[PDB]
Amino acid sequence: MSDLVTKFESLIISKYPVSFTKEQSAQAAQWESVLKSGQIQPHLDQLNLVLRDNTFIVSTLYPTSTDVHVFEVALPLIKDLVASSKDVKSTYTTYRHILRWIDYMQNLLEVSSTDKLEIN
């Protein structure tokens, strides 16, 4: 159990019961396959599109473990993309919805100031 997963399960929001539809079950299976195959980075625009229309990855009102698993690899990637940008306003536009989600998730999991993404 990673530090973020351990932190997530310390919050009661992790205890909110949810009975997945077969659609949501597939969404969770899809991000598991993307994660374990090591392809989160090529699938960032797909993550951004999902999050345009959904508050969380598996079409839920509350963060689930899929959100924590994906945020764990996505935060470092997006932070690096932003730190290295020569036009951070455009980068922000390109990844606008992932950044909304990151902001929520890094506050929920109380990510340290060195590891978090300094936001605007």
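Sequential numbering from 1, following the sequence displayed.
- For the cut-off of one third of the other compared entries, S14 qualifies: that many or more give it no coordinates while modelling its flanks.
- Set 85-93 against 61-69 and average the Cα temperature factors; 85-93 ends up higher.
- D53: CA B factor lies in the lowest third for its chain, per the PDB record.
- Among the modelled residues of the chain, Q24 sits in the lowest third by CA temperature factor in this PDB entry.
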